[PDB]
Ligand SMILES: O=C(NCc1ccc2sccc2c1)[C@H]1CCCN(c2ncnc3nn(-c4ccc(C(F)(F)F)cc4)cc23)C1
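Heads up, the chain below is alone and in the form solved without the ligand; it's given as structure tokens.
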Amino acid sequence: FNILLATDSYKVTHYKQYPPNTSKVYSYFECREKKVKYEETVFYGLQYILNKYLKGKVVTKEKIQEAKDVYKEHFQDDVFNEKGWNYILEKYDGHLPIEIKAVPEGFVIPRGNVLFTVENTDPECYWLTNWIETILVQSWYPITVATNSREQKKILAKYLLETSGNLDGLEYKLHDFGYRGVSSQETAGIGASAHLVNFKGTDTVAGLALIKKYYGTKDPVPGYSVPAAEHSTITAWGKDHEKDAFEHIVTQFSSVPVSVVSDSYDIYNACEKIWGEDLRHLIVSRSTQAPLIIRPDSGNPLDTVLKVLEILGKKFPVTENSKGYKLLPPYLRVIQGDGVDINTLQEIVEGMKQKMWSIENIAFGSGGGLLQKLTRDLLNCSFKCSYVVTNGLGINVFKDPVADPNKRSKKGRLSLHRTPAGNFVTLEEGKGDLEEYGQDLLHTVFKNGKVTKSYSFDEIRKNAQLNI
């Protein structure tokens, strides 16, 4: 990895564009307001970026020469700031003279607030603040995964509490199926780690090693899975032998939970005749700690869940819980793992509630909806210069495009505070210095090539908890 080649091309040319006599460039990141509405965001992911990409000796003579050679051909011109990068090499042994202050990871902050700020610590490196905008703005992705996952946890929490009276099992109710559906191995790990801020069930193994290496947990692992079938392990038996596949798999996994995809040919037949009759004797014998989890994987998601439950409720003994909602026997559950995103999740649990089914009966799996079907504009994650020093005077700078007030940016030196009512406010124009609003909640997390404050994954999970 070469940080000199990890920026937007045009940023290579910006050192010639700032005002002369500029000694400081100060920039901030927010999830900009736009006036499920995503009113508050989980701040998560910067610590990964700091350690993987920004800390330590990130400049070498070889990296300078490599960048110089690439850019000469890429621009067909000599515009690369070799002098400025060699300065950092010789002066700071290749450590970035940058200070980053950030809200603690896991903090849940309303839209439109400063979440981190970046500035250069040496006047010669005024150009460096926005060089690393591109790498830092990629924090949008773990922020947005963690936020969208938590918003799904809010939906699940509400309907589970309403239909059952408690939140038992909530942390396993949204399973990460997204490994194949994301754009890269690296995205898999980052996105899966952001989901585990809120939940404990994952098949995206990549997230485990990321958390261990960059954040840490008291527990051996941050997330868990169960054995489960795929269409290959069912269909390989032949169409006429689906029952034999089911019987073999539940017997191989007789003492742990086992998920069995049941829609290879006819999900409703599988539920009513194969599970509900031919193999019923292998299901009602199972432990409460080792249920069969029937997995549909096609059709209209709500219609299929509802029909599957109706089928199973006629072949297995249903109870009515203390809230009036129907409950399958404890050895039998369902996981809907197709078509799940935050919108269909809500439709399904509302539809179950209207048909008097407890959310205890169901868990969800989500892949592309959870980790890939997300963009930087969902929360308007954005990085802008708000303050410069030129000729020794600080000036508050901003954009304010005539045709879109939503893209107006903040002015001056910024700080994040609690309000008297316990909410959040970002103070602009250095007004945090007046000390009317208590302590700035941004802390220095990076300075001159060293990570200066770190959070464990356990702390992040605590910070990101739901009120309830």
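Don't overthink the numbering: it's just position in the shown sequence, from 1.
What comes next is about the form solved in complex with the ligand, which does not appear here.
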Exercise for the section: Considering only heavy atoms, tell me if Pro291 and the ligand come within 4.5 Å of each other in the bound PDB entry. Expected result: yes
Handout entry: the ligand contact at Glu247 in the bound PDB entry, heavy atom, 4.5 Å
Key = no
Handout entry: the ligand contact in the bound PDB entry: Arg286, any heavy atom under 4.5 Å
Key = no
Handout entry: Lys315 within 4.5 Å of the ligand in the bound PDB entry, heavy atoms
Key = no
Practice task
Identify, from the list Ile335, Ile348, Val308, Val114, the residue with a heavy atom within 4.5 Å of the ligand in the bound PDB entry.
Solution key: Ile335
Exercise for the section: Could you spot which one of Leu374, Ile135, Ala363, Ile109 gets a heavy atom to within 4.5 Å of the ligand in the bound PDB entry? Expected result: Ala363
Exercise for the section: Considering the ligand in the bound PDB entry, find the one stretch among 317-325, 271-279, 353-361, 114-122 with heavy atoms no farther than 4.5 Å from it. Expected result: 353-361
Problem - Any residue of 157-177 that, in the bound PDB entry, places a heavy atom within 4.5 Å of the ligand - result: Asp168, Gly169, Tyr172, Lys173, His175, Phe177
